[PDB]
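**Student:**
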Amino acid sequence: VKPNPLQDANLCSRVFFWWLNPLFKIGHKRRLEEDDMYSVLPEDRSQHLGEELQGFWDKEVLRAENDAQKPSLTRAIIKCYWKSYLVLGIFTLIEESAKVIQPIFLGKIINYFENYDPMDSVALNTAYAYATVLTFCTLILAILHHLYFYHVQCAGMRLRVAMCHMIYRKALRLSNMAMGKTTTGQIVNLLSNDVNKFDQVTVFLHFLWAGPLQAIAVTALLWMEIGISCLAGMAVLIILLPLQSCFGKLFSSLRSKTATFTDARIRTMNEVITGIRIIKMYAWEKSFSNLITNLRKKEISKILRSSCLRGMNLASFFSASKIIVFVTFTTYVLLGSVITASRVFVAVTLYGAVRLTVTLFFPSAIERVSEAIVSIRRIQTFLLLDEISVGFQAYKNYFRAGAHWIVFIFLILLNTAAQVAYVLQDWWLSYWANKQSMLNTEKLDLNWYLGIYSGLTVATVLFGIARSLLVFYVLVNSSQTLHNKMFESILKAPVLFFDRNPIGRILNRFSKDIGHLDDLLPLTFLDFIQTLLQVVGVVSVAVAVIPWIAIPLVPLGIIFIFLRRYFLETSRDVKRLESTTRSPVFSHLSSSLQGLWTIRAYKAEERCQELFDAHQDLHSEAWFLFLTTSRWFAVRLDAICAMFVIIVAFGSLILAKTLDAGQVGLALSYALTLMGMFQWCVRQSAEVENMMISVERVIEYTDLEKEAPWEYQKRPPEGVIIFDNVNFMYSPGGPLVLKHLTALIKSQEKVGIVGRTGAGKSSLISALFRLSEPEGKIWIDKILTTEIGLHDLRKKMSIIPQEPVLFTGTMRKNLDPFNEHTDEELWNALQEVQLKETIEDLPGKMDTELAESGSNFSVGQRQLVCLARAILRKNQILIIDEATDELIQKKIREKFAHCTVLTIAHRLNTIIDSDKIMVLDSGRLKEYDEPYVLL
Ligand SMILES: Nc1ncnc2c1ncn2[C@@H]1O[C@@H]2COP(=O)(O)O[C@H]2[C@H]1O
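Under the working numbering, the first residue of the sequence shown is numbered -6, with each subsequent residue one higher.
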């Protein structure tokens, strides 16, 4: 079989995942299909994880039902997986304690510059020691975290695999009465949506007790540095949760109410795509055009506000680290204290460390735990039932449809004004600090130094809001513009384009792709741009001090550019395996629950369990590879992110004779913030490039085949049509079914027809309506058919379709979408349709629209509706093709004023002493005056 190198692996290779390099060399130029992914360990099999849990659950239910109590399943889970988390808590504690020690030893290097003496070498070795203690913490947070992460991630798949085994073992025991309650849907949902929530709980289970401790420690450390002023920064940090919950509650409403306007549009588009052969023939396009335009306009108007709310939230997240500092330090200065550089950046780091993680990870954990407990309760109640006895081109085409390039220039110039202020706000504080120390009581005026600080605080927020708003608007206008082109292009396509593409594909397109364009793209773009600009500022601040740091930057910048590729070229193949191995288990389960009686007939159910386990092991292998490959890259990245910090610190120390304390503090406080932002920036690009495929495939339309125009230059002013040796063909080079369509049907001669099945009887109607322009010409009452627009031709003809169709609407719009008749004229139209009793029995009697795809009626009255359409139209030429009968027969024989009927039917006896009759050959005709000659 396939041995996996996870075992047979020394230490120092599991920290860096050195056992995973060969695979890449193989996936670099071969596209591994299925036989190159290793098998799982012997302690991660379903048959091994689903037995101990079953035993513990049996023991627990026994101990519970023994007494007058209620049994629980959340106790049997902790009886098995308690040592694992007990051991992981040691490391999560060791890790949460290293983020509080960095700022303590950061403030000890700056104090060496505040108290500096060249002729002193005993006070410098202590500085080197302090700096050496500051690197082990980075190496702990950067290298030893990923093994722990992989383990805490693997701790969830075990539970997810243990639950499904017992769920299936139970489902194979349901009785007749018990299975009549729950059907296939719920049983497959228990595995497709519920168990899939245990993978994220273990990641967000340690914050519940690690957030408060961190906050308390941080505030206690702050008290010893500045004093009571610290409170002024912890108040602004708690108001954010109340101020952000309400706006989310408000946003959900907007979303819910726009979903309604979306669904109706989708339904209208669906019912429009099915029946094009009738709309294109009756000339009823503008109605649906307007019906879609109105709904799209409403949807956009409702989406703008939600997008604006999201942009405001992002801006708030961008500039919340400035208000806290501003408030706390203006208070600290007004109370009467003096400002130094060893107290400022320490507090900056403490804040930046606590606020983000706590306010962004404490709320999510609660939702995760709640959902997990709900799913556990569902599973518990279920387990108790009874039992038996791309490219730059796409980006350029997606951006230039939003606004003129001057707007893009303004946007580029507006995004590089927020970061400048973000950095200048701290440079000003370092400048103040350095100006304080050069005094001898020669006090500093606070008006100037405080007003400039306030102004630099205000500009940041203003620009950060403006940027987000403009970006969102520009990226929504692009979808607004593309959807139109899409619709007004697919509406003018031939019928052949629809005979090769099923409705499902086009509907899925119109729904999913536009949803992605309108919902997610702008937010991801904005977050990616923001996090990208947040890194260039760090690097530029680190270069403007110690200019020599530009030399070791060009190599670390070239390595990454390659590494990423060397990774993706095998990472774009694991998702395919995951999906292809996850679908068959669900298929097998769904098809296995129905054929159950035979499985019970023969006492053989041990094989199906083994087959299920074998099906699940493949997905287990794929998940293992996914986790390992995701962790193989972060270590390589963090190595560089930490080498940068080491270089900065030791270079600052080696050059302690040409720079001051404020500058080194500013450079160091930013270098301790690069890892997470770089990770997020590299993570967002994946999603961006993944969802840009929707944009790539949407633009595939907007340029397709296009039939002749609807209106030519020269307008037109008994239907005597004359034919010739013309020939007709569906495709330009397909087979041929009609040859030399030669015949003449002059003034109101009631033509007939007689034909067989498949010998080309339903083709001339497609040529008369020029659904596919054939070779040759056909004269009609002094004018041709190709020298006239499509609408000027398809409007002067009436057809009785074989399959009746009624659209969602009233009996007034479905029979007269264009307002040109009066009400009494419609009543007279429906006077001779033999159907006027049903209408009046309803409230409006003509305006009570119907639903359920017209299921309220049947073929009979629907064909009556079609005949009513034909009558109300009052045209000269008429083409009837049918394949109640007495009603239609007699009434059409009576009403129509003997105007050039063309009847087509499969029953020859439908003719009763007609005027002129024909037969069908395989493409030609055998006819003369009347059939009595031969017959
Ligand atoms: N909404 C978010 N979800 C996850 N990670 C984020 C988010 N926003 C920013 N990040 C980054 O992800 C990092 C995860 O670890 P840190 O808390 O050290 O710092 C975090 C940020 O750099």
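Backbone N, C-alpha and C define an ideal beta-carbon position, used for all residues, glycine too.
Is there at least one non-hydrogen atom of ligand 1 closer than 8 Å to the beta-carbon of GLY669?
**Tutor:** The answer is yes for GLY669.
**Student:** Which residues in the same chain as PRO35 place their Cβ atom closer than 8 Å to its Cβ, once the five residues preceding and following it in sequence are excluded?
**Tutor:** Excluding positions up to five away in sequence, the list reads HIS41.
**Student:** Is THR342 a contact residue of ligand 1, with contact defined as CB to any heavy atom under 8 Å?
**Tutor:** Incorrect: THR342 has no Cβ contact closer than 8 Å to ligand 1.
**Student:** Look at the alpha carbon of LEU913 and the alpha carbon of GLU817, and state the distance between them as a whole number of angstroms.
**Tutor:** Distance between the alpha carbons of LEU913 and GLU817 is about 44 Å.
**Student:** With distance defined between alpha-carbon atoms, name the residue in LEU468, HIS199, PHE9 and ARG151 nearest to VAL80.
**Tutor:** Nearest C-alpha to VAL80: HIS199.
**Student:** Check whether the segment 113 to 131 touches the segment 91 to 99, taking contact to mean three or more Cβ pairs, one atom from each stretch, closer than 8 Å.
**Tutor:** Touching, per the Cβ criterion.
**Student:** Mapping the DSSP letters down to three states, classify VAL744 as helix, strand or coil.
**Tutor:** Strand, per DSSP.
**Student:** Could you tell me how far apart the beta carbons of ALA411 and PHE456 are, in whole angstroms, since I believe they sit closer than 8 Å?
**Tutor:** The pair is a contact, with the Cβ atoms about 4 Å apart (cut-off 8 Å).
**Student:** Kindly give me the distance between the Cβ atoms of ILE180 and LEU586, rounded to whole angstroms, as I take these residues to be in contact under 8 Å.
**Tutor:** So it is a contact: roughly 6 Å between Cβ atoms.
**Student:** Taking the C-alpha atoms as reference points, what is the distance between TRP420 and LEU659?
**Tutor:** Roughly 7 Å between the two C-alpha positions.
**Student:** Can you grab the Cα-Cα spacing for the pair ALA116 / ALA649, in whole Å?
**Tutor:** Taking the straight line from one Cα to the other gives about 13 Å.
**Student:** Assess, as a yes-or-no matter, whether the segment 791 to 807 is touched by the segment 844 to 862 under the definition of 3 or more beta carbon pairs within less than 8 Å.
**Tutor:** Yes: at least three Cβ pairs fall under 8 Å.
**Student:** Going by the C-beta, is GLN672 closer than 8 Å to any heavy atom of ligand 1?
**Tutor:** Yes, the Cβ of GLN672 comes within 8 Å of a heavy atom of ligand 1.
**Student:** Any chance you could list the alpha helix (DSSP H) runs of at least 4 consecutive residues sitting entirely within the segment 86 to 118, in chain order?
**Tutor:** Runs of the alpha helix (DSSP H) inside the segment 86 to 118: 95 to 107.
**Student:** Are the CB atoms of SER330 and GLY220 within a distance shorter than 9 Å?
**Tutor:** Their beta carbons are under 9 Å apart, which means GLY220 touches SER330 by this criterion.
**Student:** Following a CB-centred definition, is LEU132 positioned closer than 8 Å to any heavy atom of ligand 1?
**Tutor:** No, since every heavy atom of ligand 1 falls outside the 8 Å radius drawn around the Cβ of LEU132.
**Student:** Beta strand (DSSP E) containing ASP874: first to last residue?
**Tutor:** Residues 870 to 874.
**Student:** Look at the alpha carbon of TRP441 and the alpha carbon of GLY448, and state the distance between them as a whole number of angstroms.
**Tutor:** Taking the straight line from one Cα to the other gives about 11 Å.
**Student:** Between which two residues does the beta strand (DSSP E) harbouring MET790 extend?
**Tutor:** Here the beta strand (DSSP E) through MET790 covers 790 to 793.
**Student:** Since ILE872 contacts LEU895 with CB under 8 Å, what's their CB separation in whole angstroms?
**Tutor:** With a Cβ gap of about 5 Å, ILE872 and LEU895 count as contacting.
**Student:** I think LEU443 touches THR323, with their Cβ atoms under 8 Å apart; what is that distance to the nearest whole Å?
**Tutor:** Their Cβ separation, rounded to whole angstroms, is 6 Å, which keeps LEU443 and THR323 in contact under 8 Å.
**Student:** Let me know the alpha helix (DSSP H) ranges lying completely inside the segment 468 to 534, each 4 residues or longer, listed in chain order.
**Tutor:** As far as the segment 468 to 534 is concerned, its whole alpha helix (DSSP H) runs of at least 4 residues are 496 to 501 and 507 to 512.
**Student:** Measuring CB atoms only, is the segment 509 to 520 touching the segment 612 to 630, in the sense that at least three cross pairs come out at less than 8 Å?
**Tutor:** With the cut-off at 8 Å, the segment 509 to 520 and the segment 612 to 630 do not touch.
**Student:** Just to confirm my understanding: we take residue 939, look at its own chain, exclude 5 residues before and 5 after, and list those with CB closer than 6 Å. What are they?
**Tutor:** It is not possible to answer for residue 939, since the shown part of the chain is limited to -6 through 928.
**Student:** Within 10 Å of its beta-carbon, does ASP1 have 16 or more other beta-carbons around it, so buried, or fewer, so exposed?
**Tutor:** Per the 10 Å Cβ criterion, exposed.
**Student:** What are the boundary residues of the alpha helix (DSSP H) that includes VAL719?
**Tutor:** Note, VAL719: premise wrong, no alpha helix (DSSP H); not H, not E.
**Student:** Consult DSSP for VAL894 and reduce its assignment to one of helix, strand or coil.
**Tutor:** Of the three classes helix, strand and coil, the one that applies to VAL894 here is strand, per DSSP.
**Student:** So does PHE518 have its beta carbon nearer than 8 Å to some heavy atom of ligand 1?
**Tutor:** No - ligand 1 has no heavy atom lying nearer than 8 Å to the Cβ of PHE518.
**Student:** My parser needs the alpha helix (DSSP H) runs of 4 or more residues fully inside the segment 11 to 97; what are they?
**Tutor:** For the segment 11 to 97, whole alpha helix (DSSP H) runs of length 4 or above, ordered along the chain, are 14 to 20, 39 to 42, 45 to 59, 67 to 71 and 75 to 89.
**Student:** For the alpha helix (DSSP H) that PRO356 lies in, which residues bound it at each end?
**Tutor:** Note, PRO356: alpha helix (DSSP H), 337 to 375.
**Student:** Quick check on DSSP: helix, strand or coil for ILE232?
**Tutor:** Reduced to three states, the DSSP call for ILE232 is coil.
**Student:** Quick check: the Cα distance between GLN741 and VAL713, rounded to an integer number of angstroms?
**Tutor:** Each residue's alpha carbon lies about 8 Å from the other.
**Student:** Taking the C-alpha atoms as reference points, what is the distance between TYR141 and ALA340?
**Tutor:** Going by the C-alpha atoms only, they are around 29 Å apart.
**Student:** Out of curiosity, what's the CA-to-CA distance linking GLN373 and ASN494?
**Tutor:** About 46 Å.
**Student:** Can you confirm whether the segment 501 to 514 touches the segment 670 to 689 when touching is taken to mean that 3 or more C-beta pairs between the two stretches lie within less than 8 Å?
**Tutor:** A contact exists between the segment 670 to 689 and the segment 501 to 514.
**Student:** Taking the alpha carbon of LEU582 as the reference point, which residue from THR177, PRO(-2) and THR119 has its own alpha carbon closest?
**Tutor:** With distances taken between Cα atoms, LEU582 lies closest to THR177.
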